[PDB]
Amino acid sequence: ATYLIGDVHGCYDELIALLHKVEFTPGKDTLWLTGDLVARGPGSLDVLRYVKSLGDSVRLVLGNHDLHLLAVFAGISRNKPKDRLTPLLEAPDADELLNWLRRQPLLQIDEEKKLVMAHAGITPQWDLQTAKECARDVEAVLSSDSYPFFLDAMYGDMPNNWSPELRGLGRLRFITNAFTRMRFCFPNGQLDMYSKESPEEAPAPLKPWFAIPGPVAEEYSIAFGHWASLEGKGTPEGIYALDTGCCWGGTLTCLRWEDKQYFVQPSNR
(Lines of atoms letter the chains of each structure in order from A and count residues from 1; the text may use other names and numbers.)
(Lines give C-alpha, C1' and ligand atoms only; values in the text may rest on other atoms or scores of the structure.)
Protein backbone atom coordinates (compact mmCIF):
# COMPACT_ATOMS: atom_id res chain seq x y z
CA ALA A 1 0.00 0.00 0.00
CA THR A 2 0.97 3.68 -0.47
CA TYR A 3 0.83 6.11 2.45
CA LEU A 4 1.38 9.88 2.34
CA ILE A 5 2.07 11.82 5.53
CA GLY A 6 2.37 15.59 6.04
CA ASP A 7 4.92 17.63 7.97
CA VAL A 8 6.33 15.60 10.88
CA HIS A 9 8.35 18.42 12.53
CA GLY A 10 10.17 16.16 14.96
CA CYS A 11 6.95 14.54 16.18
CA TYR A 12 8.46 11.07 16.22
CA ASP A 13 6.02 9.47 18.69
CA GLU A 14 3.00 10.58 16.63
CA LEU A 15 4.63 9.39 13.40
CA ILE A 16 5.30 5.93 14.81
CA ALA A 17 1.81 5.66 16.32
CA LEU A 18 0.25 6.64 12.99
CA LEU A 19 2.36 4.09 11.09
CA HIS A 20 1.38 1.36 13.57
CA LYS A 21 -2.27 2.31 13.10
CA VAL A 22 -2.03 1.56 9.34
CA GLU A 23 0.37 -1.39 9.99
CA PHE A 24 2.97 0.15 7.68
CA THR A 25 5.24 -2.66 6.48
CA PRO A 26 8.48 -1.75 4.67
CA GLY A 27 8.84 -3.99 1.64
CA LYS A 28 5.08 -4.27 1.11
CA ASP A 29 4.23 -0.57 1.57
CA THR A 30 5.76 2.74 0.53
CA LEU A 31 5.66 5.95 2.55
CA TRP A 32 5.66 9.42 0.98
CA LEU A 33 6.68 12.31 3.25
CA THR A 34 6.01 15.99 2.40
CA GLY A 35 9.18 17.24 4.12
CA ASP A 36 9.77 19.42 7.15
CA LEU A 37 10.82 16.31 9.03
CA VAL A 38 12.64 18.35 11.67
CA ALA A 39 12.29 21.32 14.07
CA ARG A 40 9.79 22.42 16.77
CA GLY A 41 8.88 18.91 17.89
CA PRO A 42 11.27 17.20 20.30
CA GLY A 43 12.38 14.24 18.19
CA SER A 44 14.06 15.50 15.01
CA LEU A 45 17.02 13.15 15.60
CA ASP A 46 14.84 10.05 15.90
CA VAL A 47 12.78 11.10 12.86
CA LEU A 48 15.86 11.45 10.66
CA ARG A 49 17.33 8.14 11.87
CA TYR A 50 14.07 6.28 11.17
CA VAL A 51 13.32 7.87 7.78
CA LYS A 52 16.90 7.29 6.59
CA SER A 53 16.66 3.63 7.70
CA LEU A 54 13.61 3.18 5.43
CA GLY A 55 15.66 3.32 2.20
CA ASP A 56 13.53 2.56 -0.89
CA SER A 57 10.34 2.25 1.21
CA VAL A 58 10.25 6.04 1.65
CA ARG A 59 9.95 8.84 -0.95
CA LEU A 60 10.83 12.14 0.70
CA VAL A 61 10.81 15.74 -0.52
CA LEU A 62 12.81 18.43 1.32
CA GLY A 63 10.99 21.28 3.06
CA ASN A 64 12.03 24.75 4.18
CA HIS A 65 12.89 23.53 7.70
CA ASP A 66 14.99 20.68 6.35
CA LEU A 67 16.97 23.23 4.30
CA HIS A 68 17.23 25.56 7.31
CA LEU A 69 18.67 22.68 9.36
CA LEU A 70 21.25 22.10 6.63
CA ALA A 71 22.11 25.79 6.73
CA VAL A 72 22.62 25.68 10.52
CA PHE A 73 24.75 22.55 10.23
CA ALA A 74 26.98 24.19 7.60
CA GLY A 75 27.49 27.31 9.75
CA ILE A 76 25.49 29.47 7.33
CA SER A 77 22.55 30.30 9.64
CA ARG A 78 22.00 30.75 13.36
CA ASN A 79 20.36 28.02 15.47
CA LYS A 80 16.98 29.15 16.85
CA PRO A 81 16.34 27.64 20.32
CA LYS A 82 12.64 27.02 19.52
CA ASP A 83 13.56 24.67 16.65
CA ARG A 84 15.01 22.19 19.20
CA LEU A 85 17.68 21.01 16.75
CA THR A 86 20.59 20.72 19.19
CA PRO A 87 20.36 16.95 19.95
CA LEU A 88 20.39 16.26 16.21
CA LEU A 89 23.26 18.71 15.53
CA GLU A 90 25.31 17.25 18.40
CA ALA A 91 24.64 13.60 17.56
CA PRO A 92 27.64 11.41 16.70
CA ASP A 93 25.92 10.41 13.47
CA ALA A 94 24.96 14.01 12.56
CA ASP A 95 27.26 14.07 9.52
CA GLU A 96 25.84 10.78 8.19
CA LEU A 97 22.24 11.90 8.71
CA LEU A 98 22.62 15.38 7.22
CA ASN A 99 24.74 14.30 4.26
CA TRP A 100 21.95 11.83 3.53
CA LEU A 101 19.30 14.55 3.95
CA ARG A 102 20.88 16.96 1.49
CA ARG A 103 20.84 14.28 -1.23
CA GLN A 104 17.06 13.86 -1.09
CA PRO A 105 14.77 15.18 -3.85
CA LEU A 106 12.75 18.35 -3.94
CA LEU A 107 10.13 16.69 -6.18
CA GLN A 108 8.67 13.15 -6.37
CA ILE A 109 6.74 11.90 -9.43
CA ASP A 110 4.91 8.60 -9.90
CA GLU A 111 3.55 8.27 -13.42
CA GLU A 112 1.48 5.12 -12.81
CA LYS A 113 -0.34 6.85 -9.94
CA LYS A 114 -0.35 10.21 -11.79
CA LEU A 115 0.93 11.68 -8.54
CA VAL A 116 3.32 14.55 -7.89
CA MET A 117 4.70 15.65 -4.52
CA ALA A 118 6.65 18.71 -3.40
CA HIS A 119 6.78 20.43 -0.02
CA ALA A 120 4.75 23.55 -0.95
CA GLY A 121 3.17 22.35 -4.21
CA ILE A 122 3.75 23.15 -7.89
CA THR A 123 3.61 26.79 -8.95
CA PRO A 124 1.02 27.31 -11.73
CA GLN A 125 3.81 28.98 -13.75
CA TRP A 126 5.56 25.60 -14.27
CA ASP A 127 4.79 22.70 -16.53
CA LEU A 128 6.06 19.26 -15.54
CA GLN A 129 9.23 19.41 -17.64
CA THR A 130 10.22 22.73 -16.07
CA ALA A 131 9.46 21.50 -12.54
CA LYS A 132 11.66 18.45 -13.19
CA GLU A 133 14.54 20.54 -14.52
CA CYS A 134 14.36 23.03 -11.67
CA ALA A 135 14.30 20.28 -9.06
CA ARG A 136 17.31 18.67 -10.72
CA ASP A 137 19.30 21.91 -10.73
CA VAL A 138 18.73 22.60 -7.02
CA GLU A 139 19.25 18.94 -6.01
CA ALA A 140 22.56 19.06 -7.88
CA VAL A 141 23.78 22.02 -5.83
CA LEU A 142 22.50 20.48 -2.59
CA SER A 143 24.26 17.18 -3.20
CA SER A 144 27.57 18.79 -4.20
CA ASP A 145 30.64 19.48 -2.06
CA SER A 146 29.89 23.20 -2.42
CA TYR A 147 26.37 23.07 -0.95
CA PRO A 148 27.05 25.66 1.84
CA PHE A 149 27.49 28.35 -0.84
CA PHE A 150 24.08 27.49 -2.28
CA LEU A 151 22.46 27.40 1.14
CA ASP A 152 23.80 30.89 1.78
CA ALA A 153 22.50 32.18 -1.56
CA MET A 154 19.08 30.56 -1.09
CA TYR A 155 17.77 33.19 1.34
CA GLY A 156 15.71 35.92 -0.31
CA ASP A 157 12.20 36.82 -1.42
CA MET A 158 12.94 37.92 -5.04
CA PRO A 159 12.50 37.29 -7.95
CA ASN A 160 8.91 36.07 -7.46
CA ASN A 161 7.94 35.55 -11.11
CA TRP A 162 9.19 32.63 -13.19
CA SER A 163 10.89 33.11 -16.55
CA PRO A 164 13.01 30.60 -18.48
CA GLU A 165 15.42 33.54 -18.87
CA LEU A 166 16.19 33.66 -15.14
CA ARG A 167 19.87 32.97 -14.50
CA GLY A 168 22.12 32.52 -11.53
CA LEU A 169 21.22 33.39 -7.97
CA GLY A 170 17.74 34.64 -8.83
CA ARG A 171 16.89 31.44 -10.65
CA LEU A 172 17.99 29.34 -7.68
CA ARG A 173 16.15 31.49 -5.14
CA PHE A 174 12.92 31.37 -7.15
CA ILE A 175 13.14 27.59 -7.52
CA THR A 176 13.72 27.13 -3.78
CA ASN A 177 10.88 29.47 -2.82
CA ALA A 178 8.45 27.84 -5.24
CA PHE A 179 9.16 24.31 -4.00
CA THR A 180 9.47 25.04 -0.26
CA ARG A 181 7.84 28.35 0.72
CA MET A 182 4.93 28.95 -1.70
CA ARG A 183 1.41 29.52 -0.43
CA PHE A 184 -0.37 32.47 -2.11
CA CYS A 185 -0.06 33.75 -5.68
CA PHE A 186 -1.06 36.92 -7.46
CA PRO A 187 -3.60 36.35 -10.28
CA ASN A 188 -0.77 36.16 -12.83
CA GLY A 189 0.82 33.36 -10.75
CA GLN A 190 3.57 35.44 -9.11
CA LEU A 191 4.61 34.30 -5.65
CA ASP A 192 3.72 36.20 -2.49
CA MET A 193 6.31 35.51 0.21
CA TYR A 194 4.66 37.20 3.21
CA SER A 195 1.11 35.98 3.82
CA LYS A 196 0.92 32.74 5.83
CA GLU A 197 -2.80 32.98 6.69
CA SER A 198 -5.66 30.70 5.71
CA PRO A 199 -7.19 31.48 2.30
CA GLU A 200 -10.30 33.05 3.88
CA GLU A 201 -8.10 35.47 5.89
CA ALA A 202 -5.85 36.52 3.03
CA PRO A 203 -5.96 40.01 1.52
CA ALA A 204 -7.17 40.41 -2.04
CA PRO A 205 -6.13 39.74 -4.77
CA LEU A 206 -4.13 36.85 -3.24
CA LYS A 207 -5.34 33.32 -4.06
CA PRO A 208 -3.90 29.91 -3.09
CA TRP A 209 -1.44 28.60 -5.67
CA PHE A 210 -3.80 25.66 -6.28
CA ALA A 211 -6.74 27.97 -7.14
CA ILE A 212 -4.85 29.06 -10.28
CA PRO A 213 -5.11 26.47 -13.08
CA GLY A 214 -1.67 25.19 -14.01
CA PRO A 215 -0.55 22.54 -16.48
CA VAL A 216 0.73 20.11 -13.83
CA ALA A 217 -2.45 20.20 -11.77
CA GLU A 218 -4.55 19.59 -14.88
CA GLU A 219 -2.86 16.23 -15.54
CA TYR A 220 -1.60 15.09 -12.09
CA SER A 221 -2.75 14.88 -8.53
CA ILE A 222 -0.55 17.01 -6.26
CA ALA A 223 0.19 16.17 -2.63
CA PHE A 224 1.95 18.74 -0.46
CA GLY A 225 2.51 19.77 3.15
CA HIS A 226 3.90 23.10 4.42
CA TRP A 227 0.74 25.26 4.65
CA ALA A 228 -0.43 24.50 8.19
CA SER A 229 -2.93 27.39 8.42
CA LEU A 230 -4.84 25.62 5.61
CA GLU A 231 -5.60 22.79 8.10
CA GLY A 232 -5.70 20.37 5.16
CA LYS A 233 -9.07 21.78 3.99
CA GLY A 234 -10.43 23.81 1.10
CA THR A 235 -8.57 22.26 -1.81
CA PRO A 236 -9.96 21.34 -5.26
CA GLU A 237 -10.18 17.77 -6.48
CA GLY A 238 -6.76 16.31 -7.17
CA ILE A 239 -5.06 18.58 -4.61
CA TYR A 240 -4.09 16.97 -1.27
CA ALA A 241 -2.99 19.29 1.56
CA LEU A 242 -1.51 16.90 4.11
CA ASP A 243 -0.09 19.32 6.72
CA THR A 244 -2.56 19.40 9.61
CA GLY A 245 -0.17 21.00 12.08
CA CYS A 246 1.02 18.19 14.34
CA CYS A 247 3.84 20.23 15.90
CA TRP A 248 1.27 22.99 16.59
CA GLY A 249 -1.06 20.82 18.67
CA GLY A 250 -3.07 19.87 15.59
CA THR A 251 -2.85 16.39 14.10
CA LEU A 252 -0.62 14.22 11.98
CA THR A 253 -2.44 13.05 8.84
CA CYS A 254 -1.82 9.98 6.71
CA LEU A 255 -3.56 9.37 3.38
CA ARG A 256 -3.72 5.88 1.86
CA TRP A 257 -3.57 6.36 -1.89
CA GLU A 258 -5.30 3.17 -3.10
CA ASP A 259 -8.63 4.04 -1.47
CA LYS A 260 -7.98 7.70 -0.52
CA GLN A 261 -8.61 6.78 3.09
CA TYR A 262 -7.46 9.19 5.80
CA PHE A 263 -5.94 8.19 9.16
CA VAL A 264 -5.24 10.77 11.85
CA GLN A 265 -3.01 10.80 14.94
CA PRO A 266 -3.73 13.53 17.53
CA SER A 267 -0.82 15.62 18.75
CA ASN A 268 0.57 14.60 22.16
CA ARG A 269 1.45 18.26 22.93
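Sequential numbering from 1, following the sequence displayed.
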Mean Cα B-factor check, 89 to 97 vs 185 to 193, entry values; winner is 185 to 193
Do the C-alpha atoms of 164 to 172 or of 106 to 114 have the higher average B factor in the entry?
164 to 172
Quick one: which of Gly55, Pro213, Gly41, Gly63 shows the highest Cα temperature factor in the PDB entry?
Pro213
Select one of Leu70, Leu37, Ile222, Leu206: the residue whose C-alpha shows the highest B-factor in the crystal structure entry.
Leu206
Quick tally, chain-level thirds of C-alpha B-factors: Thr2 sits in the lowest
Is the Cα B-factor recorded for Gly121 in the lowest, middle or highest third of its chain?
lowest
Of the three thirds of its chain by CA temperature factor, lowest, middle or highest, which one includes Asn177?
lowest
Looking at the entry's B-factor column for C-alpha atoms only, identify whether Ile239 ranks in the lowest, middle or highest third of its chain.
middle
So where's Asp46 on the chain's Cα temperature factor ranking, which third?
lowest
